Amino acid sequence: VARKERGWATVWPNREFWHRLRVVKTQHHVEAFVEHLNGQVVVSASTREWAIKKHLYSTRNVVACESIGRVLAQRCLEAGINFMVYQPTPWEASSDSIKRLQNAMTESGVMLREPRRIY
Amino acid sequence: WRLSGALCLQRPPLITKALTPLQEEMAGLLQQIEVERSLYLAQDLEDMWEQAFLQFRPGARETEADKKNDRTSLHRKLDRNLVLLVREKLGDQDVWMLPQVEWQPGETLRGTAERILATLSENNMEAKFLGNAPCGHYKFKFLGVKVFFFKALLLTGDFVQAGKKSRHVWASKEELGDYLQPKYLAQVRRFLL
Amino acid sequence: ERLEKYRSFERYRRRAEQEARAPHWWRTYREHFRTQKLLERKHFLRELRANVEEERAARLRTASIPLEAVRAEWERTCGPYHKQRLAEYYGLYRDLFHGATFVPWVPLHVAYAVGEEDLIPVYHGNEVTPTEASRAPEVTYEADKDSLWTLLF
Amino acid sequence: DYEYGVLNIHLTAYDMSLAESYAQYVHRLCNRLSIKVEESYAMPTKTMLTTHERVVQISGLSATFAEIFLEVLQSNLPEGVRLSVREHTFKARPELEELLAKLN
Amino acid sequence: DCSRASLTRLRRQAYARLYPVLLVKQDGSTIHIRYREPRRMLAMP
Amino acid sequence: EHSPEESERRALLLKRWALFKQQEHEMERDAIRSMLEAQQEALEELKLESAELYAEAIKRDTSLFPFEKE
RNA sequence: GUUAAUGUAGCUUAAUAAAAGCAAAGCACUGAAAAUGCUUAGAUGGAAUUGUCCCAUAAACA
């Protein structure tokens with residue numbers, strides 16, 4: 001029953017989300033975040049974290065995305081955040097690495113689409 | 001004060017060096033993919049022609065194979081660039097020097113630079129100047145002295161009098177350090193290619 | 001004209017989002033609404049890089065990671081800090097200590113035993129039904145000798 | 001203080017692909033050096049067999065910049081590819097619409 | 001270096017198989033070129 | 001059709017080739033930068049000795065180009 | 001030695017809670033370039049406190 005922002009019609013992406021998944025691919029590493037509308041990060045999975053680095057081969061990779069997504073999902077399940085909003089760009093959505101990452105989250109049980117609000 | 005000008009001539013390399021093995025294998029890779037993308041006895045005659053090329057001598061990629069010692073010759077190197085470099089004797093010094101000539105403030109660097117081209121080589125060499133900006137200036141004292149190092153490129157060269165009594169040597173980089181010990185003369189590499 | 005122009009949409013987006021975070025004069029939406037470990041770390045990395053099998057799996061895009069190993073290592077390194085975020089996010093530090101914040105350091109573990117075959121864990125923010133919490137839960141938190149404790153639920 | 005004119009480069013080579021491959025390389029080197037390339041036009045076949053010639057336009061040079069550029073071109077040349085440097089001699093709605101305001 | 005741009009690949013979406021041949025110049029230099037038939041050598045007259 | 005081992009060999013040498021070119025580009029880029037700085041250093045040196053000569057020299061040569069040489 | 005440069009990776013007054021971001025490179029995609037996708041290489045040669053020494057060691061003097 002909580003409010004989701006419904007405006008920003010002229011801007012992309014829409015802000016009608018309780019939670020959002022932000023995936024940033026830098027030169028080194030690749031980071032995935034879950035952030036509330038108020039701007040506080042709740043669950044963060046990054047390739048710059050010691051534990052993930054030792055078990056991976058390269059900071060940036062297609063499998064990396066997959067692996068960090070699986071790690072992110074378990075933390076997301078751990079935090080109890082089951083429903084989330086993902087807003088990829090057209091090329092990013094088509095990117096194979098991001099497609100695989102979404103598959104990991106779907107397999108993990110994290111729903112990439114939030115349910116409609118109750119009025 | 002002693003006013004002295006000089007020129008660092010450049011001769012382009014005519015023929016390339018051989019490809020590295022990694023470069024060779026990549027040529028196979030671009031060829032094999034080309035075959036993959038390709039769209040579907042004269043050979044004996046071509047075989048006869050290829051051996052006709054083999055028997056016929058082509059100019060070597062490097063023209064040192066016969067020479068091995070022709071520093072005085074213009075065609076000292078073909079794989080890399082050359083620099084004119086002539087033994088000179090000064091009033092208080094006897095050093096292996098870059099070509100030098102006497103310059104005046106009225107004469108611009110190119111005018112002296114042009115005179116350097118033919119004054120010390122006395123040949124029908126063809127060289128070009130791109131910018132009037134000089135490339136090196138070095139001062140050696142015993143009495144104050146300064147030498148201006150210019151840069152030029154050899155368009156072509158008909159080097160007459162190959163066997164001069166002078167010790168003109170064309171050096172790319174190997175003989176620069178060997179013959180020019182002091183930095184004032186061994187730092188020519190800084191503006192050399 | 002001197003400055004270069006963004007050649008891709010993403011560059012502007014990354015610049016824009018970073019730009020939004022910075023405070024500004026104009027009103028905006030946001031206002032109203034050790035060394036040895038480093039050396040050892042590096043050495044392990046080099047060994048991982050050397051391993052040809054790691055390269056082959058990565059280029060074959062079949063590699064994977066063990067989640068359990070990462071989780072335990074994550075607990076040692078920065079689990080305290082991430083746990084603090086959840087506590088602040090969930091309001092524990094404001095409702096419990098009237099705004100005082102304490103970083104959790106003891107890797108506390110709790111799970112509700114369902115029968116005897118399996119036991120439901122209690123992580124941060126987890127969902128557990130009251131039926132599952134009928135009986136008291138097993139607690140193991142790796143105290144070490146001495147250092148008396150008090151547990152409060 | 002004077003600014004170089006825009007100098008066209010006609011790259012003439014037996015093979016179109018090699019001419020294109022050299023044409024791109026100078027462009028990327030030009031782009032890395034911040035040299036603007038307005039056009040990459042292609043000449044017709046040199047019927048006699050034929051050869052293929054490709055233009056890489058280069059606009060803007062400096063005395064020091066020109067010297068450092070050209071010798072690099074000599075080095076970049078694979079050999080057997082013939083260089084050339086020569087001084088050079090429809091509008092859409094936004095361009096016309098702006099153009100009216102200037103003279104109106 | 002002349003080898004900087006020497007190694008290059010075709011930019012054609014469709015083309016028959018190209019065969020390597022060398023063109024002999026009057027100064028003796030040689031160039032690797034692509035020809036439609038499996039010839040071995042070419043000579044500049 | 002290539003076997004996975006055949007692709008593996010070609011891909012492996014491709015990785016070496018990509019690394020080699022990156023090494024080649026980095027060396028050349030610094031080499032060009034150094035030469036220009038030396039030319040700029042050469043510009044500075046005679047300015048100390050005589051800046052007046054540069055007033056004529058710093059001007060570009062309009063007649064230098066066109067220049068053709070393969 | 002006098003003068004005087006100099007010790008995060010091209011750049012940064014990134015960082016001591018976790019050695020970062022940016023710049024930069026290759027292949028694929030065909031007008032070129034760019035974009036996009038897949039890939040690549042690296043660090044403190046240092047102590048200092050803010051928001052200079054002292055070494056490696058560069059030189060003019062020497």
# chains A, B, ... in the order shown; residues from 1 in each chain; ligands from 1

$ interface_residues --of "chain C" --to "chain D" --cutoff "12 Å" --atoms "only C-alpha atoms" --output "compact mmCIF listing (two decimals) with N, CA and C atoms, in the first residue's frame"
# COMPACT_ATOMS: atom_id res chain seq x y z
N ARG C 2 36.37 23.44 -27.15
CA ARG C 2 37.59 22.83 -26.64
C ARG C 2 37.29 21.48 -25.99
N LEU C 3 36.27 21.43 -25.15
CA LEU C 3 35.92 20.20 -24.45
C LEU C 3 35.38 19.16 -25.43
N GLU C 4 35.68 17.90 -25.15
CA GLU C 4 35.13 16.81 -25.95
C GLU C 4 33.64 16.64 -25.66

$ interface_residues --of "chain E" --to "chain F" --cutoff "12 Å" --atoms "only C-alpha atoms" --output "list in words"
residues 1, 2, 3, 4, 5 and 7 of chain E

$ write_last_selection --atoms "C-alpha atoms" --output "compact mmCIF listing (two decimals), in the first residue's frame"
# COMPACT_ATOMS: atom_id res chain seq x y z
CA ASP E 1 57.35 1.24 -38.16
CA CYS E 2 56.00 0.26 -41.58
CA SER E 3 54.55 -2.90 -40.01
CA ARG E 4 52.23 -0.73 -37.88
CA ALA E 5 49.46 -0.80 -40.51
CA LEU E 7 48.80 -6.38 -41.44

$ closest_atom_pairs --of "chain F" --to "chain B" --cutoff "9 Å" --atoms "only C-alpha atoms" --output "Markdown table"
| residue | atom | partner | partner_atom | distance |
| --- | --- | --- | --- | --- |
| F:10 | CA | B:29 | CA | 7.7 |
| F:13 | CA | B:26 | CA | 8.3 |
| F:14 | CA | B:26 | CA | 8.0 |
| F:16 | CA | B:22 | CA | 8.4 |
| F:17 | CA | B:22 | CA | 7.0 |
| F:20 | CA | B:22 | CA | 8.6 |
| F:31 | CA | B:193 | CA | 8.7 |
| F:32 | CA | B:193 | CA | 8.9 |
| F:34 | CA | B:190 | CA | 8.1 |
| F:35 | CA | B:191 | CA | 5.8 |
| F:36 | CA | B:191 | CA | 8.2 |
| F:37 | CA | B:191 | CA | 8.8 |
| F:38 | CA | B:191 | CA | 5.5 |
| F:39 | CA | B:135 | CA | 5.7 |
| F:40 | CA | B:135 | CA | 8.5 |
| F:41 | CA | B:135 | CA | 8.1 |
| F:42 | CA | B:135 | CA | 4.7 |
| F:43 | CA | B:133 | CA | 6.3 |
| F:45 | CA | B:137 | CA | 6.6 |
| F:46 | CA | B:137 | CA | 6.8 |
| F:53 | CA | B:108 | CA | 7.3 |
| F:54 | CA | B:133 | CA | 7.2 |
| F:56 | CA | B:132 | CA | 8.1 |
| F:57 | CA | B:132 | CA | 4.7 |
| F:58 | CA | B:133 | CA | 6.3 |
| F:59 | CA | B:132 | CA | 7.9 |
| F:60 | CA | B:131 | CA | 6.6 |
| F:61 | CA | B:131 | CA | 6.8 |
| F:64 | CA | B:130 | CA | 6.2 |
| F:65 | CA | B:130 | CA | 8.8 |
| F:69 | CA | B:155 | CA | 7.9 |
| F:70 | CA | B:14 | CA | 8.9 |

$ select_by_dssp --residues "chain B" --states "alpha helix (DSSP H)" --output "ChimeraX atom specification"
/B:21-37,42-55,64-67,109-119,174-179,183-186

$ interface_residues --of "chain F" --to "chain G" --cutoff "7 Å" --atoms "only C-alpha atoms (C1' of nucleotides)" --output "short mmCIF file (atom, residue, chain, number, x, y, z; two decimals) with N, CA and C atoms, in the first residue's frame"
data_model
loop_
_atom_site.label_atom_id
_atom_site.label_comp_id
_atom_site.auth_asym_id
_atom_site.auth_seq_id
_atom_site.Cartn_x
_atom_site.Cartn_y
_atom_site.Cartn_z
N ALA F 18 46.43 -9.49 -29.60
CA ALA F 18 45.83 -8.29 -29.03
C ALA F 18 46.74 -7.65 -27.99
N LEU F 19 47.36 -8.48 -27.14
CA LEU F 19 48.29 -7.95 -26.15
C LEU F 19 49.49 -7.29 -26.83
N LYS F 21 49.71 -5.86 -29.82
CA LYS F 21 49.35 -4.58 -30.41
C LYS F 21 49.18 -3.51 -29.35
N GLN F 22 48.53 -3.85 -28.23
CA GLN F 22 48.40 -2.89 -27.14
C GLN F 22 49.77 -2.44 -26.66
#

$ residues_around --residues "residue 55 of chain D" --least-positions-apart "5" --cutoff "7 Å" --atoms "only C-alpha atoms (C1' of nucleotides)" --output "PyMOL selection string"
chain D and resi 8-11+40-42

$ closest_atom_pairs --of "chain A" --to "chain G" --cutoff "10 Å" --atoms "only C-alpha atoms (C1' of nucleotides)" --output "CSV"
residue,atom,partner,partner_atom,distance
A:26,CA,G:21,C1',8.6
A:27,CA,G:21,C1',8.9
A:28,CA,G:20,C1',9.1
A:48,CA,G:18,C1',8.2
A:49,CA,G:18,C1',8.2
A:50,CA,G:18,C1',9.1
A:60,CA,G:39,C1',9.6
A:61,CA,G:39,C1',8.7
A:62,CA,G:38,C1',8.7
A:91,CA,G:36,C1',6.8
A:92,CA,G:36,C1',9.1
A:94,CA,G:37,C1',9.1
A:95,CA,G:37,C1',6.7
A:96,CA,G:37,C1',8.1
A:97,CA,G:37,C1',9.6

$ residues_around --residues "residue 4 of chain A" --least-positions-apart "6" --cutoff "7 Å" --atoms "only C-alpha atoms (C1' of nucleotides)" --output "number ranges by chain"
A: 16-18

$ write_last_selection --atoms "C-alpha atoms" --output "PDB file, in the first residue's frame"
ATOM      1  CA  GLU A  16       7.549   3.953  -9.791  1.00  0.00           C
ATOM      2  CA  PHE A  17       9.683   1.468  -7.863  1.00  0.00           C
ATOM      3  CA  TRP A  18       9.975   0.546  -4.205  1.00  0.00           C
TER       4      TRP A  18
END

$ atom_distance --atom1 "atom CA of residue 66 of chain F" --atom2 "atom CA of residue 68 of chain D"
15.8 Å

$ residues_around --residues "residue 62 of chain G" --least-positions-apart "3" --cutoff "12 Å" --atoms "only C-alpha atoms (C1' of nucleotides)" --output "VMD selection string"
chain G and resid 1 to 4 59

$ write_last_selection --atoms "C-alpha atoms (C1' of nucleotides)" --output "PDB file, in the first residue's frame"
ATOM      1  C1'   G G   1      78.690  17.683  -2.681  1.00  0.00           C
ATOM      2  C1'   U G   2      76.544  23.744  -4.333  1.00  0.00           C
ATOM      3  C1'   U G   3      72.311  24.387  -6.920  1.00  0.00           C
ATOM      4  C1'   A G   4      68.498  21.381  -8.251  1.00  0.00           C
ATOM      5  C1'   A G  59      70.754  17.123 -14.014  1.00  0.00           C
TER       6        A G  59
END

$ interface_residues --of "chain E" --to "chain B" --cutoff "6 Å" --atoms "only C-alpha atoms" --output "list in words"
residues 9, 15, 16, 17, 28, 39, 40 and 41 of chain E

$ write_last_selection --atoms "N, CA, C and O atoms" --output "PDB file, in the first residue's frame"
ATOM      1  N   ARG E   9      43.010  -6.751 -42.889  1.00  0.00           N
ATOM      2  CA  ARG E   9      42.038  -7.732 -43.347  1.00  0.00           C
ATOM      3  C   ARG E   9      40.984  -7.048 -44.210  1.00  0.00           C
ATOM      4  O   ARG E   9      40.807  -5.829 -44.167  1.00  0.00           O
ATOM      5  N   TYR E  15      32.792 -11.604 -51.327  1.00  0.00           N
ATOM      6  CA  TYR E  15      33.932 -11.596 -52.235  1.00  0.00           C
ATOM      7  C   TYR E  15      34.419 -13.012 -52.515  1.00  0.00           C
ATOM      8  O   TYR E  15      34.402 -13.868 -51.625  1.00  0.00           O
ATOM      9  N   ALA E  16      34.849 -13.269 -53.748  1.00  0.00           N
ATOM     10  CA  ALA E  16      35.438 -14.555 -54.076  1.00  0.00           C
ATOM     11  C   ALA E  16      36.806 -14.687 -53.415  1.00  0.00           C
ATOM     12  O   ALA E  16      37.415 -13.704 -52.984  1.00  0.00           O
ATOM     13  N   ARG E  17      37.291 -15.924 -53.333  1.00  0.00           N
ATOM     14  CA  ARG E  17      38.555 -16.173 -52.656  1.00  0.00           C
ATOM     15  C   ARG E  17      39.674 -15.403 -53.344  1.00  0.00           C
ATOM     16  O   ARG E  17      39.782 -15.402 -54.573  1.00  0.00           O
ATOM     17  N   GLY E  28      63.197  -3.573 -57.592  1.00  0.00           N
ATOM     18  CA  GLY E  28      63.400  -4.821 -56.889  1.00  0.00           C
ATOM     19  C   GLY E  28      62.565  -5.006 -55.641  1.00  0.00           C
ATOM     20  O   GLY E  28      62.516  -6.124 -55.113  1.00  0.00           O
ATOM     21  N   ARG E  39      47.727 -17.073 -58.988  1.00  0.00           N
ATOM     22  CA  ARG E  39      49.018 -16.773 -59.581  1.00  0.00           C
ATOM     23  C   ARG E  39      50.095 -16.749 -58.501  1.00  0.00           C
ATOM     24  O   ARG E  39      49.809 -16.727 -57.300  1.00  0.00           O
ATOM     25  N   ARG E  40      51.349 -16.791 -58.943  1.00  0.00           N
ATOM     26  CA  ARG E  40      52.486 -16.825 -58.034  1.00  0.00           C
ATOM     27  C   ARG E  40      53.263 -15.520 -57.982  1.00  0.00           C
ATOM     28  O   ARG E  40      53.769 -15.164 -56.916  1.00  0.00           O
ATOM     29  N   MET E  41      53.372 -14.801 -59.098  1.00  0.00           N
ATOM     30  CA  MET E  41      54.207 -13.612 -59.155  1.00  0.00           C
ATOM     31  C   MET E  41      53.668 -12.671 -60.222  1.00  0.00           C
ATOM     32  O   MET E  41      52.986 -13.089 -61.162  1.00  0.00           O
TER      33      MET E  41
END

$ interface_residues --of "chain G" --to "chain C" --cutoff "9 Å" --atoms "only C-alpha atoms (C1' of nucleotides)" --output "list in words"
residues 19, 34 and 35 of chain G

$ residues_around --residues "residue 68 of chain F" --least-positions-apart "4" --cutoff "10 Å" --atoms "only C-alpha atoms (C1' of nucleotides)" --output "list in words"
residues 155 of chain B; 9, 82, 83, 84, 85 and 86 of chain D
